[PDB]
Ligand SMILES: Cc1c(CC(=O)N2CCC[C@@H]2C(=O)O)c(=O)oc2c(C)c3occ(-c4ccc(Cl)cc4)c3cc12
Ligand SMILES: Cc1c(CC(=O)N2CCC[C@@H]2C(=O)O)c(=O)oc2c(C)c3occ(-c4ccc(Cl)cc4)c3cc12
Ligand SMILES: Nc1ncnc2c1ncn2[C@@H]1O[C@H](COP(=O)(O)OP(=O)(O)OP(O)(O)=S)[C@@H](O)[C@H]1O
Ligand SMILES: Nc1ncnc2c1ncn2[C@@H]1O[C@H](COP(=O)(O)OP(=O)(O)OP(O)(O)=S)[C@@H](O)[C@H]1O
Ligand SMILES: [Mg+2]
Ligand SMILES: [Mg+2]
């Protein structure tokens, strides 16, 4: 109960520091490129193209899902994946890479994964705005239900942050876990409604019931309901909302406890 | 004609240095892991599993190709991909990352991409031996035709090396190219006979005729002919062999010329 | 006579493992034990106000460990250490990013130190003037020479006003012109009664800068007191060591190694 | 009287770009021109055999650039430089990997230097004995202190026998005991008539070690000759600079900056 409290107070107090360090990191990563921070948008946009040529043109022979073209379905479902993947992968190594520079000074160590995740949140916001703009050319225009994004866009961020707060700590204790992380992420890409929709009524029905436990399922479906389907998502699927809230709460609690427990002996392990 | 000659003499003379520096790099990368160099084998083996659960169990409903189970078809076709991908991606950044340490000393700079590629060749050899061992449980036993590997396994290495010898140089001149490289590699994964076989007689026929220009097509098919199909591959498809030899020759020539041209001004650009 | 820094029975152990597999073996079974290297042992120090203390010793003594523990970057295995004010440490290699420019480095470092923006806006000119870099304050730090990077780091660190300052081998690269200005800054700091620690291998600078001397041998504070007493003993020890034969120096080093190492 | 190193009209230009976008602009159009910073200008040097030359100057003079160009790591924009033998350079920070152990670092560095294995096998013990690290030769370099890393780097570099040796600010961290041993090694090297360059900010060590002095000001070799002539002039210049007012020193630095910078 003390660890959760302490981490909460640190994150509440150092908001501006988190933002500014995230901006500095975004500046650092793209320093030598000629195009610069534009590569924060070009990199995912190209990847989607490949995922449309393979799974949309090759497989599916370009057929519609729920009366919507597959291109916009996939575009809305894919927007958060790059942010989630990159944020988790880099926040796992954040403390290991950045401990030495700030160890000599006094500076809260809980925010090291969060500011690196914030460095990746900006590209997600830009891509999501671009997606909403591009969805207009079909005839899909913004509605009232889009206000649901105010609940759904933050949640995704929170989820990612929580995971890093745990994994970063483990990354100091055992290095191998970092490698393991990559594999897990790949599974969460393919057992998700991003690229395909489970057929149900069969073994695919069991696959559907197993995919319902993936938080990526909830995030993708809620985004689609807010932008595409014109439907209040929380009316029919509030059980998923409660389950996901419980998942993020448990992740944050365990990560905070573990981080506070080993914080003083980080140099010995590192 | 002088640049090609000079690079050839350097690589011929520094063979043992290349091997030993490759071994040191393999040692360095896996230093902190508990399992150690075992991760050079666990990492690809797990990925194949995912590529079998998605494309083999989900899509295709586990159907055979050419009378062979899909699992062994995919296993033989996937063995070189991780080596090619990692070698190209890291050899692109090799000179940029390693120039400062060896700049003060006198040490041939042409072998910097090659020893990093050699660090990745060892895992490919281990995985290929494991694949050949595991293919025996079906009833497929080694034959005379496997001697063809003596021509096919080296060629792949050569191809990768040539590409790096070019890209590394470009990576110093323009950083953005490094980023671009990633995208290109992804395309070469999906327009290849690794995961799927083009259906021909249609638009898929045009896709087949376009994929025949991919060197990965030739490498994968030749490996399968040597290990699985029991057939002298060069008897029917020698035109592909000549085209691929020409491709690697052109790549090596251009890369050698460019590397020798800008070698003295690397510090100014870097 | 307020004690600026107080030290009680500080002790730092480091566990020796030949290979990471031995680390795995002791992680699996808690009953495993390995040899332990004692970086420090039973150090007791009392630093007063308006005091300049110079730490002297041979390589591997444990002065950098003590300075880091005083700065709080390292946690003692056994013991405690308290400081009345806030401590700032100047090291041999300042932590700067070669990609960022001079002003960006000032902003980054002062944010990481714990300064809100309004202070940074008013404090930037003074640091820029003190650095003496000029036009190069606009170019990235990777273009700098080692002396200029040291000048920038010292300028950033000194402008923020520490209650306690710990300089560790930071003036080796600076020229005499910068050394005189640093000496004047040390005079100004001495005016404010703040406690300053000075670690240097230049005995002339230790004579010119400090007023008290602490002498550490093999992770043990050998002699703490006035410089006029401790420093001649250290010089006599150095001359005697220079007079010994190679075998005698080797046996002295082996005896120190045996004293530091233990299995527990 | 063989000239060990000969220098003809060496000149190093560095192009100043405020942002990478300006670099893109000049890359697109070859007609674009930007201000150029002259690291060196019209340097002519002649080093004989059995000579110890100390380079002296203020921060930003261009001594490290000259040592790097002599070592071949940097290519001159205009001019040439030839060396009779093979040149070895000892720097302030030796290039070592913290993950590898001491013996692995010896093997890695001696392979990268250009030694075949058979020499390494017979040369390892001597380096191990000279390092004086002992048990720590088995542990990774990241556990070392700065003095011990410097000792290991110096031991590796000195054991290979250079025809020409260039030491640049490498003895700042070592203690007096290591400094005496390095001085004896310099005596042994002087016996073999090899040319040694010594860069240091400790004037006592320059007096004790060197025999000739070169003095560089603003990327220009101000005075080359016997130490007994050049060194008093450098000391007089330092004292005069210390006597000037802050505005006068600022205007001198501004004049040097204007002289070095140009648009061409
Ligand atoms: C079509 C396709 C199947 C389906 C397939 O081959 N299957 C599975 C069971 C039998 C059925 C068949 O025989 O058609 C597949 O699995 O991967 C693919 C990958 C990995 C593919 O990457 C790129 C394409 C592609 C892109 C554009 C255009 Cl214009 C044309 C193609 C592409 C198609 C398939
Ligand atoms: C089956 C499948 C289609 C085919 C599909 O959905 N299509 C395309 C046109 C209509 C047809 C259909 O409606 O069935 C697809 O595209 O991606 C998939 C991805 C990305 C998948 O990842 C994992 C599975 C999977 C793995 C194991 C088991 Cl036991 C079961 C599943 C999986 C299946 C498909
Ligand atoms: N992680 C570590 N594990 C084991 N020994 C260590 C570790 N870190 C430092 N040491 C040793 O602790 C001793 C004292 O450390 P330092 O304070 O850095 O050395 P030092 O006394 O400052 O000598 P200098 O800095 O070269 S003058 C040295 O023998 C180091 O090798
Ligand atoms: N890539 C570069 N672009 C522009 N200027 C540079 C570059 N590299 C070095 N310089 C400048 O060149 C000048 C001389 O470089 P150095 O030789 O490293 O300095 P120095 O004379 O050795 O002074 P020290 O080493 O601090 S005593 C300095 O003013 C550097 O800032
Ligand atoms: Mg130290
Ligand atoms: Mg220098």
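If you check the header, you will see the structure was determined by electron microscopy, 3.0 Å.
Cβ atoms here come from the backbone N, Cα and C positions, even for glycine.
Over in Swiss-Prot, the protein carries these features:
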| type | residues | note |
| --- | --- | --- |
| DOMAIN | C:5-243 | domain 'ABC transporter' |
| BINDING | C:57, C:58, C:59, C:60, C:61, C:62, C:63, C:64 | ATP binding site |
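Around residue C:61 (ATP binding site), the same-chain residues six or more apart in sequence whose CB sits under 8 Å from its CB are C:216, C:217, C:218, C:219, listed in sequence order.
Within 10 Å of the C-beta of residue C:57 (ATP binding site) we count 22 further C-beta atoms, all protein chains included. Applying an under-8 Å Cβ distance to chain D, the binding-site residues C:60, C:61, C:62, C:63 reduce to C:60. Here residue C:62 (ATP binding site) comes close to C:39, C:40, C:216, C:218, C:219: these same-chain residues lie at least six apart in sequence, with C-beta atoms under 8 angstroms from its C-beta.
With a cut-off of under 6 Å between the Cβ and any atom of ligand 4, the binding-site residues C:57, C:59, C:60, C:61, C:62, C:64 reduce to an empty set.
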